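Q: Sharing a structure below in structure tokens format, with a few things to ask.
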Amino acid sequence: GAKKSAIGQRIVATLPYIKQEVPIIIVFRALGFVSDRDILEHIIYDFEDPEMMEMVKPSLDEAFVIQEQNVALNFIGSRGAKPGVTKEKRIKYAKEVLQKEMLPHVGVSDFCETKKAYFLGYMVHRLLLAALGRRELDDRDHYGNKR
Amino acid sequence: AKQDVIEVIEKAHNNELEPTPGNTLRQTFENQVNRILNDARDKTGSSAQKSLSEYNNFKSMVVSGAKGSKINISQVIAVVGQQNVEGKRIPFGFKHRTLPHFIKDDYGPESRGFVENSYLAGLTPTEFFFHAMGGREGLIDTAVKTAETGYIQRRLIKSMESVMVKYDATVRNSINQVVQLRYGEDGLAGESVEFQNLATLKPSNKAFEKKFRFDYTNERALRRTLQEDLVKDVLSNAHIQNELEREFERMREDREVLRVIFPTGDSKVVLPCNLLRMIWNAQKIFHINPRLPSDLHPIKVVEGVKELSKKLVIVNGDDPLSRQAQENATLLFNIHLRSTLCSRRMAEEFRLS
Amino acid sequence: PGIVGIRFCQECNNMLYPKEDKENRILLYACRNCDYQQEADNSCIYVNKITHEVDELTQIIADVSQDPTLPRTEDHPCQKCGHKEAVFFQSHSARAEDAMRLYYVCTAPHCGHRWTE
Amino acid sequence: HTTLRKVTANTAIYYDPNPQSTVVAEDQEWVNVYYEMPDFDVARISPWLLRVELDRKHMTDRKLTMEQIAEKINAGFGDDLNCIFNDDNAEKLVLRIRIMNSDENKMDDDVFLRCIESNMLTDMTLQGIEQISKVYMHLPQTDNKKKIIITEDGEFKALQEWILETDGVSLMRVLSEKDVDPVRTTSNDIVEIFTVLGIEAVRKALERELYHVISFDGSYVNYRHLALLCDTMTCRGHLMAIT
Amino acid sequence: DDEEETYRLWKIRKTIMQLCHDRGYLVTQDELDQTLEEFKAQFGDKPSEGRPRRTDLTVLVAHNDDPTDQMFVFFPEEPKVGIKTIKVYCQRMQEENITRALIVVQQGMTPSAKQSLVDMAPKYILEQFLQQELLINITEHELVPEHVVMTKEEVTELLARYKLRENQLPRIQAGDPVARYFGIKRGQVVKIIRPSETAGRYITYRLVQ
Amino acid sequence: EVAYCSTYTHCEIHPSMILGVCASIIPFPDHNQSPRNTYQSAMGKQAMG
Amino acid sequence: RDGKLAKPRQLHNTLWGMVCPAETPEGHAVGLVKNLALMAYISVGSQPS
Ligand SMILES: [Zn+2]
Ligand SMILES: [Zn+2]
């Protein structure tokens, strides 16, 4: 297509208790990082490597239209299990999603929005290494992955 | 062998290994190491099969095909050889090494699963594990394939179940729709046929005219292979000589048809009756002496096959549509039956009375 | 040519975007959320290496010299300090095209020199 | 099938205010050579430059000419695109590209110029036939693939001749091309034999495939039973799956 | 280039002259075998800015039994054809009194034209051939057995010998590349003569439905 | 004298402890074709005793 | 058990010493059920306080 060809590869997260996919940079702004320098500071630990930089760039242009935290939570809450009648019912709903059902092993309570920021940026960081090919795809049967 | 694998491995570290066209450098390396190791286990196998005494019992069960194969003797005495998983040499389950014992990026024969011990001397610990990895692939296949081969066996039957050879001998499915005009296109049940050679196909043009021609010019060779009454009979009659040139014309016409039907000159065909055996059976029952001159008239060989070929009826009819459809059904059999019963072969090779 | 790289605005710290000055014909970078503009020094924008001949000596970490599971030879001495131990390994990289080339990492503390033969 | 990405070394988009600027060091030589007598620039020259590199290995491997690529790019996209190239003398083989001259006479440019690249690298189709991934060349040692001729002596003489074997199939165009043998060319895929050569060719090409999987093991199943299965399938007039 | 497009116009013309010969239309032995240079002499090399324009390549061949029947092979110059273009051709068939004719399309027919061909069954029949489907004669492939279209006299005598209804034969659909080749219409029966490795020859009959 | 590895960081107690309970009853299991230690694992659980 | 995919069934290098290579059921359950090696000790867990 005309758009698919120009953009390149876009990254998306599929969250628990959300009907369909959500773009990634929307998920970092939902966690309280407004600027793209802070968002890309959690995902890419060294800015002198442009190869990663070019990988993320098309995922900023898809999230370019929502620049604000409370706009972003509303972007998520629209897709929840049921759409909230009132807006602030959705923002209250999406924030309860990021607090509890989002990566609960990091933390469940309040200021964990920072603790969830690095590690969630680390999923997005390690998904790049397998896209660039600097690491091996994990093995489904490797018996160290089993409990 | 394990020293020739270290050179191929050392050549690839320094990049000196040049890829075979159509092959990744990983594909050309995984091939050259398999070309060496196969020759190893193919050599040590044949070096073990030379050593077996005439009294060996393995050699007794292998030579008569009763049980076991020549490759089971190799693995007992000599080497078990490379162990494969999914058609490839043992993979890397850990990061860049096969088992905790080996060093990362060891492509040598031992690290990647070549077992250099024979079941008799016993496998070393790791070779025991890799040998177990190559055997699991055998157990799994046998569990998986049976359920697929049984779901296909059921589909082939339900689709064909009602096709049957009707009394017209036309094969027709359950609706009366025609699958075939005659069964198998020759109209012959498959249990009574055998393999045979055509023998008119695939000699040279110069030798063909030597074997089937029946030269009557010699007057000497004929005294040799034929009784005194008959050679004086064959030389005199211009008509008899005319009929024998006609028969050889029909062998060339058939030799041109065979080369159309059988390109690549494969002469092995499946036909209803064995001619070389029955000509061979009628030598023994009647006590024919092939050193002696035969009494069999060379015409009554010709007039007897023509009168035979009319009595072999696949398709019954007087119509010009029925005649043409028999000449096709019996085509390749009458061609074969005029090769072996030829008037010359009866005079020379067989000497039938 | 260069593999280029990102630039960030100095106010809202967003991604600057390249754009063309039509009057002066000079490449500019402009954040889209403010009026901040900056002149392009590099003059290249989008660069893509398809043949992607890649230098692994940049990715290799000097800490690799502490792994027991890697082989080492005293055949190849260190190029810098002339140390005999060198712990060598292959690409260890997916999408490496075809490379069995060994990369060498010098042992002994803090040298970390990394060469290829 | 050779896409332009097969022969491409690297790609970069540059901003040139005027061509004689040549922000790159080397291009300035032959850039001026073409602009000593510049043609079809009458409208204006778009500033946005697309400069691609071509590996001489893959270029000489497929016997490709810079003039040939220049034609296909200019022909594929038309006059909306201008293309300029080196002589072989250049050790670094370069192909310059710019937006339409008369376009100066939405989509922006650098965006629209990157949209051209990602369309070219995949879609150019320099050579060959799309859907044909690879083609292997070898001399067959099996008497089935060996051309076998009746000599002047009537003997069978098996000849060795090079044959190609493709990964992926489009049968109708492969047959049509010159020097390719119309008669003996064949694919294993049935449906593309059905749609091209008819239902009779499927009746035969199916019993040639079934006879290959059954007799590959060395096993032997009579020809009568192969020919009935291929008769039941194709006697309805079209391919009848067993399903 | 124009050497390829001159070579393509050499196959298409040659392969069609084999259709007309195999359907029983009178075709001179010289027109069947043409060396490219002899073809390049008659129709002159490069089509583009050249004497062959893709028109005047038209072929008029008369049937062997009836000199009146004939047929045309039309080459449209357009990449795609449309009802306004065919209506030009059909107006020409009306002009010269024939019925049957062929059309060799470069790329494809507009979906509105395909039905327009069917729109006239009795008066005029027309057949769509893509420019590729004629680039090679499929009759000469090894997989395809010899096909022979059968007269009505022979189909009656056939179905009486085996005592078959018409619908108990195997079928070959009218959309089959070897049905188009021989210009076969629903209800005709074809005779497949193919060599076999058991019988040595075999004759299959396909109905066309 | 030819150093495969000088770094060994752990030694295994015995190599034959890689085998389970039902495959530990087989004498000389390394001398058998590999499916034959798997079948005994199946028939060692069915033995009357 | 139904699935014909052979990747979960095959014996994997990570099973050295912690799972018996030979012992395994047959039939549809091949390789999906696995005995434990002798020395192998599954860890009961703890708190990372
Ligand atoms: Zn800004
Ligand atoms: Zn050093």
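Identifiers for the structure tokens are assigned positionally: chains receive A, B, ... in sequence, residues are indexed from 1 per chain, and ligands are indexed from 1 in the order shown.
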Provide as a PyMOL selection string the residues of chain G at most 6 Å from chain F, counting only C-alpha atoms.

A: chain G and resi 17+20+22-23+36-38

Q: Neighbours of region 26-37 of chain C within 12 Å (only C-alpha atoms; same-chain residues fewer than 2 positions away dropped), as a ChimeraX atom specification?

A: /A:34-36,61,64-68 /C:6-24,39-45 /D:14-18,47-48,110

Q: Can you write out the residues you just picked, keeping N, CA and C atoms, as a tab-separated table (two decimals), in the first residue's frame?

A:
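See out.tsv below for the written result:
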chain	number	residue	atom	x	y	z
A	34	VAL	N	5.73	12.59	28.67
A	34	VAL	CA	5.17	13.43	27.61
A	34	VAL	C	6.09	13.47	26.40
A	35	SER	N	7.37	13.73	26.62
A	35	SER	CA	8.30	14.00	25.53
A	35	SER	C	8.74	12.71	24.86
A	36	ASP	N	9.16	12.82	23.60
A	36	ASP	CA	9.71	11.67	22.91
A	36	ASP	C	11.17	11.44	23.25
A	61	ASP	N	5.67	8.22	14.46
A	61	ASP	CA	4.80	8.93	13.53
A	61	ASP	C	3.37	8.41	13.57
A	64	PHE	N	1.91	10.20	16.69
A	64	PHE	CA	2.15	11.64	16.69
A	64	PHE	C	0.90	12.43	17.06
A	65	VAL	N	-0.29	11.90	16.75
A	65	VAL	CA	-1.50	12.69	16.88
A	65	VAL	C	-1.96	12.86	18.32
A	66	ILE	N	-1.64	11.92	19.21
A	66	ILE	CA	-1.98	12.05	20.63
A	66	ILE	C	-0.73	12.48	21.38
A	67	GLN	N	-0.70	13.74	21.81
A	67	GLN	CA	0.46	14.29	22.49
A	67	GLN	C	0.30	14.39	24.01
A	68	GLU	N	-0.87	14.08	24.56
A	68	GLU	CA	-1.14	14.36	25.96
A	68	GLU	C	-1.50	13.08	26.71
C	6	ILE	N	19.10	10.37	14.85
C	6	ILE	CA	18.02	11.26	15.27
C	6	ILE	C	18.59	12.60	15.73
C	7	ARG	N	17.71	13.60	15.79
C	7	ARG	CA	17.95	14.86	16.49
C	7	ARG	C	16.69	15.23	17.27
C	8	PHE	N	16.88	15.82	18.44
C	8	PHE	CA	15.77	16.19	19.31
C	8	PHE	C	15.68	17.70	19.48
C	9	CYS	N	14.45	18.20	19.59
C	9	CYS	CA	14.22	19.61	19.89
C	9	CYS	C	14.74	19.95	21.28
C	10	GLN	N	15.05	21.22	21.48
C	10	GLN	CA	15.59	21.68	22.75
C	10	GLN	C	14.54	22.24	23.70
C	11	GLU	N	13.28	22.34	23.29
C	11	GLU	CA	12.26	22.85	24.19
C	11	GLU	C	11.33	21.76	24.70
C	12	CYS	N	10.50	21.19	23.84
C	12	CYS	CA	9.63	20.09	24.22
C	12	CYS	C	10.32	18.74	24.12
C	13	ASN	N	11.59	18.70	23.71
C	13	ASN	CA	12.35	17.47	23.54
C	13	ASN	C	11.57	16.44	22.73
C	14	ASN	N	11.11	16.85	21.56
C	14	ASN	CA	10.47	15.93	20.64
C	14	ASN	C	11.41	15.63	19.48
C	15	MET	N	10.93	14.80	18.56
C	15	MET	CA	11.71	14.45	17.39
C	15	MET	C	11.63	15.58	16.38
C	16	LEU	N	12.77	16.16	16.04
C	16	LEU	CA	12.80	17.10	14.94
C	16	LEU	C	12.56	16.36	13.63
C	17	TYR	N	11.98	17.07	12.67
C	17	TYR	CA	11.74	16.48	11.37
C	17	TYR	C	12.44	17.30	10.30
C	18	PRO	N	13.03	16.66	9.31
C	18	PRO	CA	13.65	17.41	8.22
C	18	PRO	C	12.60	18.07	7.34
C	19	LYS	N	12.90	19.28	6.89
C	19	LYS	CA	12.02	20.00	5.98
C	19	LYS	C	12.86	20.95	5.14
C	20	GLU	N	12.30	21.39	4.01
C	20	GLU	CA	13.06	22.21	3.08
C	20	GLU	C	12.68	23.68	3.21
C	21	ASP	N	13.70	24.53	3.30
C	21	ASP	CA	13.50	25.97	3.19
C	21	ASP	C	13.38	26.32	1.72
C	22	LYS	N	12.22	26.85	1.32
C	22	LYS	CA	12.02	27.11	-0.10
C	22	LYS	C	12.72	28.39	-0.53
C	23	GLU	N	12.85	29.36	0.37
C	23	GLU	CA	13.49	30.62	0.00
C	23	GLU	C	14.99	30.45	-0.17
C	24	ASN	N	15.67	29.91	0.84
C	24	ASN	CA	17.12	29.83	0.82
C	24	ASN	C	17.64	28.48	0.33
C	39	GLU	N	19.23	24.56	11.60
C	39	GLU	CA	19.77	24.29	10.28
C	39	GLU	C	20.47	22.93	10.25
C	40	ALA	N	20.32	22.23	9.14
C	40	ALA	CA	20.89	20.90	8.98
C	40	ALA	C	22.37	21.02	8.64
C	41	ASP	N	23.22	20.48	9.52
C	41	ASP	CA	24.65	20.45	9.23
C	41	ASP	C	25.03	19.26	8.36
C	42	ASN	N	24.35	18.12	8.54
C	42	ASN	CA	24.80	16.89	7.91
C	42	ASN	C	24.39	16.79	6.44
C	43	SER	N	23.24	17.35	6.07
C	43	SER	CA	22.70	17.42	4.71
C	43	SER	C	22.24	16.08	4.15
C	44	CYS	N	22.48	14.97	4.85
C	44	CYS	CA	21.90	13.68	4.52
C	44	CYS	C	20.72	13.41	5.44
C	45	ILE	N	19.71	12.71	4.94
C	45	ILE	CA	18.54	12.48	5.77
C	45	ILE	C	18.33	11.00	6.03
D	14	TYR	N	19.47	12.41	-0.26
D	14	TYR	CA	20.23	13.62	0.00
D	14	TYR	C	19.39	14.83	-0.39
D	15	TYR	N	19.79	15.98	0.14
D	15	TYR	CA	19.18	17.25	-0.22
D	15	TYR	C	20.20	18.06	-1.02
D	16	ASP	N	19.94	18.23	-2.32
D	16	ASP	CA	20.79	19.04	-3.18
D	16	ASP	C	20.02	20.26	-3.67
D	17	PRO	N	20.44	21.47	-3.32
D	17	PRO	CA	19.76	22.66	-3.86
D	17	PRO	C	19.92	22.81	-5.36
D	18	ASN	N	21.13	22.61	-5.87
D	18	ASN	CA	21.40	22.54	-7.29
D	18	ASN	C	22.32	21.37	-7.55
D	47	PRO	N	14.77	19.34	-5.84
D	47	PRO	CA	15.96	19.31	-4.98
D	47	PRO	C	16.22	17.96	-4.34
D	48	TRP	N	15.19	17.15	-4.12
D	48	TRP	CA	15.33	15.95	-3.30
D	48	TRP	C	15.99	14.83	-4.09
D	110	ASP	N	10.19	14.47	0.41
D	110	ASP	CA	11.01	13.47	1.10
D	110	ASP	C	10.17	12.29	1.55

Q: Mind checking which residues fall within 12 Å of residue 159 (chain B), counting only C-alpha atoms, ignoring those fewer than 3 positions away in the same chain, and posting them as number ranges by chain?

A: B: 152-156, 162-163, 173-174; D: 228-233, 240-243

Q: Could you list, as JSON, numbers by chain, the residues of chain D having an atom within 7 Å of chain E when counting only C-alpha atoms?

A: {"D": [176, 182, 183, 184, 196, 197, 198, 200, 201, 204, 205, 235, 236, 237]}

Q: I need the residues from that last selection saved to file as an mmCIF file, in the first residue's frame (with N, CA and C atoms), if you can.

A:
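Saved the output as selection02.cif:
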data_model
loop_
_atom_site.group_PDB
_atom_site.id
_atom_site.type_symbol
_atom_site.label_atom_id
_atom_site.label_comp_id
_atom_site.auth_asym_id
_atom_site.auth_seq_id
_atom_site.Cartn_x
_atom_site.Cartn_y
_atom_site.Cartn_z
ATOM 1 N N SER D 176 6.857 -19.769 -22.777
ATOM 2 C CA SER D 176 6.810 -18.867 -23.918
ATOM 3 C C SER D 176 8.172 -18.305 -24.278
ATOM 4 N N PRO D 182 9.574 -25.960 -25.543
ATOM 5 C CA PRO D 182 8.125 -26.032 -25.326
ATOM 6 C C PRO D 182 7.641 -27.416 -24.994
ATOM 7 N N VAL D 183 8.209 -28.443 -25.626
ATOM 8 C CA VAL D 183 7.647 -29.784 -25.529
ATOM 9 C C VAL D 183 7.869 -30.360 -24.143
ATOM 10 N N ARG D 184 9.113 -30.399 -23.699
ATOM 11 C CA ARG D 184 9.488 -31.238 -22.576
ATOM 12 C C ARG D 184 9.421 -30.534 -21.231
ATOM 13 N N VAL D 196 -3.402 -24.536 -17.836
ATOM 14 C CA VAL D 196 -2.565 -24.219 -18.984
ATOM 15 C C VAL D 196 -2.718 -25.277 -20.063
ATOM 16 N N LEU D 197 -2.385 -26.520 -19.734
ATOM 17 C CA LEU D 197 -2.309 -27.591 -20.714
ATOM 18 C C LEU D 197 -3.560 -28.449 -20.812
ATOM 19 N N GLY D 198 -4.564 -28.235 -19.985
ATOM 20 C CA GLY D 198 -5.802 -28.968 -20.141
ATOM 21 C C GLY D 198 -6.015 -30.051 -19.108
ATOM 22 N N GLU D 200 -6.457 -33.257 -20.021
ATOM 23 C CA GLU D 200 -5.717 -34.445 -20.418
ATOM 24 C C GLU D 200 -4.299 -34.426 -19.876
ATOM 25 N N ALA D 201 -3.647 -33.270 -19.901
ATOM 26 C CA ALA D 201 -2.319 -33.190 -19.320
ATOM 27 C C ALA D 201 -2.326 -33.472 -17.834
ATOM 28 N N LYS D 204 -2.301 -37.286 -17.321
ATOM 29 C CA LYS D 204 -0.963 -37.855 -17.413
ATOM 30 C C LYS D 204 -0.020 -37.309 -16.353
ATOM 31 N N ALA D 205 -0.044 -36.002 -16.099
ATOM 32 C CA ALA D 205 0.925 -35.419 -15.183
ATOM 33 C C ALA D 205 0.614 -35.785 -13.745
ATOM 34 N N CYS D 235 -12.382 -37.645 -14.551
ATOM 35 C CA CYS D 235 -13.428 -38.047 -15.483
ATOM 36 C C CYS D 235 -14.654 -37.167 -15.405
ATOM 37 N N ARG D 236 -14.784 -36.351 -14.371
ATOM 38 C CA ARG D 236 -15.898 -35.425 -14.262
ATOM 39 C C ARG D 236 -15.731 -34.232 -15.184
ATOM 40 N N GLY D 237 -14.546 -34.043 -15.731
ATOM 41 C CA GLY D 237 -14.230 -32.912 -16.564
ATOM 42 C C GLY D 237 -13.310 -31.905 -15.924
#

Q: Which residues of chain G have any atom within 7 Å of an atom in chain A when counting only C-alpha atoms, and what is the closest pair of atoms for each, with the distance in Å to one decimal? Order the rows by chain and rising number and write it as JSON lines.

A:
{"residue": "G:8", "atom": "CA", "partner": "A:141", "partner_atom": "CA", "distance": 6.6}
{"residue": "G:14", "atom": "CA", "partner": "A:143", "partner_atom": "CA", "distance": 5.5}
{"residue": "G:15", "atom": "CA", "partner": "A:143", "partner_atom": "CA", "distance": 6.8}

Q: Run DSSP on the backbone and give me the residues of region 31-255 of chain B it puts in alpha helix (DSSP H), as a VMD selection string.

A: chain B and resid 31 to 49 57 to 63 70 to 73 125 to 160 205 to 211 221 to 225 228 to 236 238 to 255

Q: Extract, using only C-alpha atoms, all DNA, RNA and protein residues at most 10 Å from residue 139 (chain A), discarding same-chain residues fewer than 5 positions from it, and format them as a PyMOL selection string.

A: (chain A and resi 144-145) or (chain B and resi 93-94)

Q: Smallest atom-to-atom distance to ligand 1: which of A:17, A:47, A:31, A:37, using only C-alpha atoms and all ligand atoms?

A: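 Checking each of A:17, A:47, A:31, A:37 against ligand 1, counting only C-alpha atoms and all ligand atoms, the winner is A:37.
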
Q: For region 26-30 of chain G, list every protein, DNA or RNA residue within 10 Å, evaluated using only C-alpha atoms, and leave out those in the same chain fewer than 5 positions away; present the list as a short mmCIF file (atom, residue, chain, number, x, y, z; two decimals) with C-alpha atoms, in the first residue's frame.

A:
data_model
loop_
_atom_site.label_atom_id
_atom_site.label_comp_id
_atom_site.auth_asym_id
_atom_site.auth_seq_id
_atom_site.Cartn_x
_atom_site.Cartn_y
_atom_site.Cartn_z
CA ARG B 136 13.39 -40.20 19.20
CA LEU B 139 9.62 -43.14 17.39
CA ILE B 140 7.81 -39.89 16.66
CA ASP B 141 7.47 -40.49 12.91
CA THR B 142 6.03 -43.94 13.52
CA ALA B 143 3.43 -42.47 15.88
CA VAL B 144 2.50 -39.58 13.59
CA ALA B 147 -2.76 -41.61 11.67
CA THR F 38 12.79 -46.88 25.37
CA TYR F 39 10.86 -50.11 24.97
CA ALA F 42 7.65 -49.43 28.83
CA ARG G 1 -2.06 -35.43 22.50
CA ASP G 2 -3.81 -35.16 19.13
CA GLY G 3 -1.45 -32.70 17.44
CA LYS G 4 0.87 -34.06 14.77
CA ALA G 6 6.76 -33.00 16.08
CA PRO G 8 7.27 -30.53 21.22
CA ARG G 9 7.95 -34.25 21.05
CA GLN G 10 11.60 -34.26 20.00
#

Q: Taking only C-alpha atoms and all ligand atoms into account, list the residues no farther than 7 Å from ligand 2, as a VMD selection string.

A: chain C and resid 78 to 83 106 to 108 111 to 113

Q: Can you tell me, as a short mmCIF file (atom, residue, chain, number, x, y, z; two decimals) with N, CA and C atoms, in the first residue's frame, what residues are no more than 10 Å from residue 102 (chain A) when counting only C-alpha atoms, ignoring any on the same chain fewer than 4 positions away?

A:
data_model
loop_
_atom_site.label_atom_id
_atom_site.label_comp_id
_atom_site.auth_asym_id
_atom_site.auth_seq_id
_atom_site.Cartn_x
_atom_site.Cartn_y
_atom_site.Cartn_z
N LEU A 15 -2.81 -5.55 24.94
CA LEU A 15 -2.85 -5.56 26.38
C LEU A 15 -3.93 -6.50 26.89
N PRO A 16 -3.88 -6.90 28.15
CA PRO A 16 -5.00 -7.63 28.73
C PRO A 16 -6.19 -6.71 28.95
N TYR A 17 -7.38 -7.25 28.69
CA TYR A 17 -8.63 -6.52 28.86
C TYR A 17 -8.73 -5.32 27.93
N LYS A 95 -6.69 3.91 33.44
CA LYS A 95 -5.66 4.03 34.46
C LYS A 95 -5.69 2.83 35.41
N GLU A 96 -6.87 2.28 35.67
CA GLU A 96 -6.95 1.08 36.49
C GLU A 96 -6.42 -0.13 35.74
N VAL A 97 -6.40 -0.08 34.41
CA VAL A 97 -5.80 -1.16 33.64
C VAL A 97 -4.28 -1.11 33.74
N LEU A 98 -3.69 0.07 33.57
CA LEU A 98 -2.24 0.18 33.66
C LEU A 98 -1.75 -0.09 35.07
N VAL A 106 5.96 -6.30 38.39
CA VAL A 106 6.81 -5.16 38.71
C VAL A 106 6.27 -4.43 39.94
N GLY A 107 5.03 -3.99 39.88
CA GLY A 107 4.35 -3.45 41.05
C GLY A 107 2.90 -3.13 40.75
N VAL A 108 2.04 -3.16 41.78
CA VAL A 108 0.62 -2.90 41.58
C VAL A 108 0.19 -1.49 42.00
N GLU A 113 4.31 3.43 38.08
CA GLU A 113 4.28 3.86 36.69
C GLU A 113 5.68 4.12 36.16
N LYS A 116 7.17 0.40 35.91
CA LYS A 116 6.64 -0.26 34.73
C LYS A 116 7.18 0.36 33.46
N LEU A 120 8.77 -2.17 30.66
CA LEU A 120 7.96 -2.22 29.45
C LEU A 120 8.74 -1.66 28.27
#

Q: Please tabulate, as JSON lines, the residues of chain C that come within 12 Å of chain F, each with its closest pair of atoms and the distance in Å to one decimal, counting only C-alpha atoms and ordering rows by chain, then residue number upward.

A:
{"residue": "C:66", "atom": "CA", "partner": "F:7", "partner_atom": "CA", "distance": 10.3}
{"residue": "C:67", "atom": "CA", "partner": "F:7", "partner_atom": "CA", "distance": 9.0}
{"residue": "C:68", "atom": "CA", "partner": "F:7", "partner_atom": "CA", "distance": 5.4}
{"residue": "C:69", "atom": "CA", "partner": "F:7", "partner_atom": "CA", "distance": 7.6}
{"residue": "C:70", "atom": "CA", "partner": "F:5", "partner_atom": "CA", "distance": 8.6}
{"residue": "C:71", "atom": "CA", "partner": "F:5", "partner_atom": "CA", "distance": 6.8}
{"residue": "C:72", "atom": "CA", "partner": "F:5", "partner_atom": "CA", "distance": 8.1}
{"residue": "C:73", "atom": "CA", "partner": "F:3", "partner_atom": "CA", "distance": 9.3}
{"residue": "C:74", "atom": "CA", "partner": "F:3", "partner_atom": "CA", "distance": 10.9}
{"residue": "C:87", "atom": "CA", "partner": "F:5", "partner_atom": "CA", "distance": 11.4}

Q: Mind listing as a PyMOL selection string which residues of chain D are within 12 Å of chain C, counting only C-alpha atoms?

A: chain D and resi 4-18+21-26+46-58+108-111+113-115+117-118+121-122

Q: I'd like the contact shell of residue 85 (chain E) - 12 Å cut-off, only C-alpha atoms, skipping same-chain residues fewer than 5 positions apart - returned as number ranges by chain.

A: E: 74-80, 90-92, 103, 105, 109-110, 112-113, 116-117

Q: Between CA of residue 1 (chain E) and CA of residue 127 (chain E), measure the distance and give it in Å to one decimal.

A: 28.7 Å

Q: DSSP on the backbone: which residues in region 107-162 of chain E end up as strand (DSSP E)? Give the answer as a PyMOL selection string.

A: chain E and resi 108-109+125-130+146-149

Q: For the residues in the current selection, export N, CA and C atoms as a short mmCIF file (atom, residue, chain, number, x, y, z; two decimals), in the first residue's frame.

A:
data_model
loop_
_atom_site.label_atom_id
_atom_site.label_comp_id
_atom_site.auth_asym_id
_atom_site.auth_seq_id
_atom_site.Cartn_x
_atom_site.Cartn_y
_atom_site.Cartn_z
N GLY E 108 -6.18 -8.04 -21.87
CA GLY E 108 -7.42 -8.63 -21.42
C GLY E 108 -8.60 -7.95 -22.07
N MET E 109 -9.77 -8.55 -21.89
CA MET E 109 -11.01 -8.01 -22.40
C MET E 109 -11.75 -7.32 -21.27
N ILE E 125 -19.94 -15.85 -33.88
CA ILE E 125 -19.22 -16.36 -32.72
C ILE E 125 -17.82 -15.77 -32.74
N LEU E 126 -17.31 -15.44 -31.57
CA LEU E 126 -15.99 -14.85 -31.41
C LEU E 126 -15.31 -15.53 -30.24
N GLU E 127 -13.99 -15.62 -30.29
CA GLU E 127 -13.24 -16.34 -29.27
C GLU E 127 -12.10 -15.47 -28.77
N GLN E 128 -11.97 -15.38 -27.46
CA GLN E 128 -10.92 -14.60 -26.83
C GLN E 128 -9.66 -15.43 -26.65
N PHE E 129 -8.55 -14.98 -27.24
CA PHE E 129 -7.24 -15.59 -27.01
C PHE E 129 -6.32 -14.53 -26.44
N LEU E 130 -5.80 -14.77 -25.24
CA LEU E 130 -4.77 -13.89 -24.74
C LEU E 130 -3.53 -13.99 -25.62
N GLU E 146 -3.05 -36.58 -28.60
CA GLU E 146 -3.72 -36.15 -29.82
C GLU E 146 -5.23 -36.13 -29.62
N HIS E 147 -5.84 -34.98 -29.85
CA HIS E 147 -7.28 -34.81 -29.79
C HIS E 147 -7.84 -34.76 -31.20
N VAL E 148 -9.01 -35.35 -31.39
CA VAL E 148 -9.68 -35.35 -32.69
C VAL E 148 -11.15 -35.08 -32.45
N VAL E 149 -11.69 -34.06 -33.10
CA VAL E 149 -13.10 -33.75 -32.95
C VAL E 149 -13.89 -34.66 -33.87
#
